[PDB]
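Participant: Mind having a look at this structure? Questions to follow.
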2 protein chains.
Amino acid sequence: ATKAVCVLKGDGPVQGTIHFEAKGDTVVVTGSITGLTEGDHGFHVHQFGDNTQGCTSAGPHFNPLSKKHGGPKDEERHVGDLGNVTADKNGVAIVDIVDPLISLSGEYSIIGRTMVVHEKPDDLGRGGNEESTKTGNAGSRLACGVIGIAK
Amino acid sequence: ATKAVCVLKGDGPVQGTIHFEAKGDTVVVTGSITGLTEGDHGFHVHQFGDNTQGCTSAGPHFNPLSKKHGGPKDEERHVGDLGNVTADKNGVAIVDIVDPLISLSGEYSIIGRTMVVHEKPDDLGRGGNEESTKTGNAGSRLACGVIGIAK
Ligand SMILES: [Cu+2]
Ligand SMILES: [Cu+2]
Ligand SMILES: [Zn+2]
Ligand SMILES: [Zn+2]
């Protein structure tokens, strides 16, 4: 696809709508999330578009290259690693990202996978431990959605 | 993918989990639905995995080859026309479909689009009006979900 979309729901106050658009070989991710506690939350494309167990069955991060966990800019990162999104004091987060690694077709295509917002900030793989190299220690999954074709 | 999955939700009693698997040049589609009234209900793949306005934003049937609506057997159908599932007296429909037209990859991939279960029976394009040739007069979209990649 050239355009896709994601509606984030959970069993909490955290809702959002994430928009995806293919520009050459980057994905412009745009949107907002509401209900967040102030500050950073990890923002990851997890592997499966599977909601049979809420956000739990989305699996780990989309990582077809078997890299370590990392931030959007690091060479060592999962493809699904889109780093942190920041909520203001009103709990709202404008999403604004241009990523050349995730995509909306071919392999690395995120279509039909799961966009997750996390309870905790992502330490971007740079942490005193080994969960850091897996999840960035972004903690729980607050809200998630299957990324579907929009246009 | 070679497997996908779909959680049917709406604002209603109706809910279901639909399982797709690539089997040779066919997709076998299995699962169950509940909450329905008895007898036949249309069961279609709609074009957009766009859940922003619930099932409404899914759009029309997946129809990349611009054919008029039909039943899954017809020369002339949409790729999304999987026909009817039948609810027994207890509101329960056991899904069991193998289709040669829909795919989990390539052109015709149904990953990222929407599975919809309708209010009324599809008429397979054999009503006598425009609504037959587009919709099957299947009625309102009771429950839908986005088709995601499954382990
Ligand atoms: Cu994550
Ligand atoms: Cu339909
Ligand atoms: Zn990661
Ligand atoms: Zn149709």
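Using Swiss-Prot numbers, chain A covers 2-152, in order.
Method on record in the header is X-ray crystallography, 2.5 Å.
Cβ from N, Cα, C; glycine included.
Heads up, here are the entries from Swiss-Prot:
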type: BINDING; residues: A:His45, A:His47, A:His62, A:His119; note: Cu cation binding site
type: BINDING; residues: A:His62, A:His70, A:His79, A:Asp82; note: Zn(2+) binding site
type: DISULFID; residues: A:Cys56-A:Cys145; note: disulfide bond
type: LIPID; residues: A:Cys7; note: S-palmitoyl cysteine
type: MOD_RES; residues: A:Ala2; note: N-acetylalanine
type: MOD_RES; residues: A:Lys4; note: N6-succinyllysine
type: MOD_RES; residues: A:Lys10; note: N6-succinyllysine
type: MOD_RES; residues: A:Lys90; note: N6-succinyllysine
type: MOD_RES; residues: A:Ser104; note: phosphoserine
type: MOD_RES; residues: A:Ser106; note: phosphoserine
type: MOD_RES; residues: A:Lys121; note: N6-succinyllysine
type: MOD_RES; residues: A:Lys121; note: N6-acetyllysine
type: MOD_RES; residues: A:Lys135; note: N6-acetyllysine
type: MOD_RES; residues: A:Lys135; note: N6-succinyllysine
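Context for these features, please: burial, neighbours, distances.
Facilitator: Less than 8 angstroms from the CB of A:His47 (Cu cation binding site) sit A:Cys56, A:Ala59, A:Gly60, A:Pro61, A:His62, A:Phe63, A:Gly81, A:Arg114, A:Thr115, A:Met116, A:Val117, A:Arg142, A:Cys145, each of them six or more residues away in the same chain.
Residues within less than 8 Å, Cβ to Cβ, of A:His79 (Zn(2+) binding site) and separated from it by at least 6 positions along the same chain comprise A:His45, A:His62, A:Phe63, A:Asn64, A:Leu66, A:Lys68, A:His70, A:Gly71. DSSP gives A:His79 (Zn(2+) binding site) a coil state; it is part of no helix or strand.
Under DSSP, A:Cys145 (disulfide bond) is assigned to a strand (E or B) in the three-state scheme.
For A:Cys7 (S-palmitoyl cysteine), the count of additional Cβ atoms within 10 Å of its Cβ stands at 29 [all protein chains shown].
For A:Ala2 (N-acetylalanine), the Cβ neighbour count at a 10 Å cut-off comes to 24, with all displayed protein chains included. DSSP assigns A:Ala2 (N-acetylalanine) to coil in the three-state reduction, outside any helix or strand.
The Cβ of A:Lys4 (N6-succinyllysine) has 15 other Cβ atoms within 10 Å, all protein chains considered.
Under DSSP, A:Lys10 (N6-succinyllysine) is assigned to a strand (E or B) in the three-state scheme. Around the Cβ of A:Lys10 (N6-succinyllysine), 17 further Cβ atoms fall within 10 Å across all displayed protein chains.
Taking the Cβ of A:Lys90 (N6-succinyllysine) as centre and 10 Å as the limit, one finds 8 other Cβ atoms among all the protein chains shown.
A:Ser104 (phosphoserine) falls within a strand when secondary structure is assigned with DSSP.
Sequence-distant neighbours of A:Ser106 (phosphoserine) (same chain, 6+ residues apart, CB-CB distance under 8 A): A:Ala2, A:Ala23, A:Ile112.
Neighbours of A:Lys121 (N6-succinyllysine), defined as other CB atoms within 10 A of its CB across all chains, total 18.
Look at A:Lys121 (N6-succinyllysine): DSSP puts it in coil.
All protein chains considered, the CB of A:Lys135 (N6-acetyllysine) has 15 other CB atoms within 10 Å.
In this structure, A:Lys135 (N6-acetyllysine) is part of a helix by DSSP.
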Participant: Filtering A:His47, A:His62, A:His70, A:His79, A:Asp82, A:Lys135 (recorded positions) by proximity to ligand 3: which pass a Cβ cutoff of under 6 Å to any of its atoms?
Facilitator: A:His62, A:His70, A:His79, A:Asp82
Participant: Validating a neighbour-count step here. Other CB atoms within 10 A of the CB of A:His119 (Cu cation binding site): how many?
Facilitator: 25
Participant: For chain B, give the subset of the modified residues A:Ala2, A:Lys4, A:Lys90, A:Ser104 whose C-beta is less than 8 angstroms from one of that chain's C-beta atoms, in sequence order, otherwise 'none'.
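Facilitator: Going by the Cβ criterion (under 8 Å to chain B), the qualifying modified residues are A:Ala2.
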Participant: What Cα-Cα separation, expressed in whole Å, is found between A:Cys7 (S-palmitoyl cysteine) and A:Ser104 (phosphoserine)?
Facilitator: 14
Participant: Please report how many Å separate the Cα atom of A:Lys90 (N6-succinyllysine) from that of A:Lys121 (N6-succinyllysine), as a whole number.
Facilitator: 16
Participant: Taking the Cα atoms as reference points, how far is A:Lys10 (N6-succinyllysine) from A:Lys121 (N6-succinyllysine) in Å?
Facilitator: 17
Participant: For the recorded Zn(2+) site, enumerate neighbouring residues of the same chain (Cβ within 8 Å of the Cβ centroid of A:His62, A:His70, A:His79, A:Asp82, site residues themselves excluded), in sequence order.
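Facilitator: Everything else in range on the chain: A:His45, A:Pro61, A:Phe63, A:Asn64, A:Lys68, A:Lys69, A:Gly71, A:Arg78, A:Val80, A:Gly81, A:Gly126, A:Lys135, A:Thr136, A:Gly137.
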